[PDB]
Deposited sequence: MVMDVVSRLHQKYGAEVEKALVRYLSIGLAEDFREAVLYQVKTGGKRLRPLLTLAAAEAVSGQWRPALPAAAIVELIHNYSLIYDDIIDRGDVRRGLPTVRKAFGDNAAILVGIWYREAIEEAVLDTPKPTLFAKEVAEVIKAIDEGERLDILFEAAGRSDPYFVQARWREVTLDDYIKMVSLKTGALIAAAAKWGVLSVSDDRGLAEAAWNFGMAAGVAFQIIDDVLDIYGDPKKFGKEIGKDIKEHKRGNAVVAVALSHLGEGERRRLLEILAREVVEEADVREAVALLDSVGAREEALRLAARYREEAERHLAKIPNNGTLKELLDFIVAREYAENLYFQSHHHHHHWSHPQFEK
């Protein structure tokens, strides 16, 4: 029994109850199914589990962190609803997305509703004005990270802004700034908010934040590796320079090899043979191994921050699962 299965057994029912409770406030009966849909499609709930484990580590209690746990999971799902609209995603967690089942525009009315459910949860935390400010900052970080990820694409969008503001160059630093915002900030928030729910120790809150950030970066990097070396080459087909292996490669490839890889990424339809050729360019500079070493760097940073947090056994198990440690080292 993994730490996730165990924490789902301990915290799960209460997490699901809290999500429904905040979303249900003021919710019209004939809109209920549409609004509850995104939280009824499953998910690992890793973020709220992290929130509750962090609270429990520092204080021995997890229940006072339930409102914070619902905030972080509701923000996750709010971002997913709009992500599916923007990317026109049809499937998630093996089921139709909100935009697919209900329509793009119905999905927007749902997303708008989620942000106010998040606000109800904020008002239900131990420190409402502090949570309110951190929620605004984290949502803006996610929005900015998403903006950057799209502008780091090499092709494939029909929004004049995404086309015209597309960045000319994407460095490894750029890539790290982007994933810290898009993926890291909300995982940093999950940990930090668990601590804030049960403790006024600022040092512990800051350690939990730094721990979640680093873990989220390590996770995204690994995810990016899978999304290249497996459906082989999914991020190449999708024109992404905001991919760790690609960004690593672009930093090492010679001028002609560099120009070629960008040419492939910018192809309106990327063929199988384009993928293979792109992967060969990546391998020609050992980009995959370098990406995985970068993931190790952040995983080790997460561990140093985590060492500052008391009673951290369960959080250490979650970290290993989150950064898919066992798997990554096997690769």
- Query: What portions of the deposited sequence, indexed from 1, have no corresponding C-alpha atom in the structure?
  - Reply: 1-2, 233-239, 341-358
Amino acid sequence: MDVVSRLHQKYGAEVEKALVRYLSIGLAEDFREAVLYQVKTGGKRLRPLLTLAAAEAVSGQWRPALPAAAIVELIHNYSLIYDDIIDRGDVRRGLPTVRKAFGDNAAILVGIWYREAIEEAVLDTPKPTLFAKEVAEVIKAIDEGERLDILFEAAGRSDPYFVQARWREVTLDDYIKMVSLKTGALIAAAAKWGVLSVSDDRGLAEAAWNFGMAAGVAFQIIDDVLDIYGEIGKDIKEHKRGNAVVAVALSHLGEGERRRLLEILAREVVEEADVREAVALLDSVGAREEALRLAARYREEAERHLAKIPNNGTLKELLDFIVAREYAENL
From here on, numbers count along this sequence of modelled residues.
- Determine, for stretches 142-150 and 250-258, which one has the higher mean CA B-factor as deposited. 250-258
- Task: Identify the stretch, either 87-95 or 241-249, whose C-alpha atoms have the larger mean B-factor according to the entry.
- Result: 87-95
- Message: Take the CA temperature factors straight from the PDB entry and tell me which of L52, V58, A28, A70 peaks.
- Response: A28
- From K234, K133, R115, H76, pick the one with the largest CA B-factor in the entry? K234
- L66: C-alpha B-factor third of its chain, per the entry, is the middle
- Task: Could you say whether, by C-alpha temperature factor, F211 belongs to the lowest, middle or highest third of its chain?
- Result: lowest
- Message: When the deposited Cα B-factors of this chain's modelled residues are ordered and cut into thirds, is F162 in the lowest, the middle or the highest one?
- Response: middle
- Tell me, lowest, middle or highest third: where does the Cα B factor of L46 rank within its chain? lowest
- Query: Ranked by Cα temperature factor within the chain, is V35 in the lowest third, the middle third or the highest third?
  - Reply: lowest
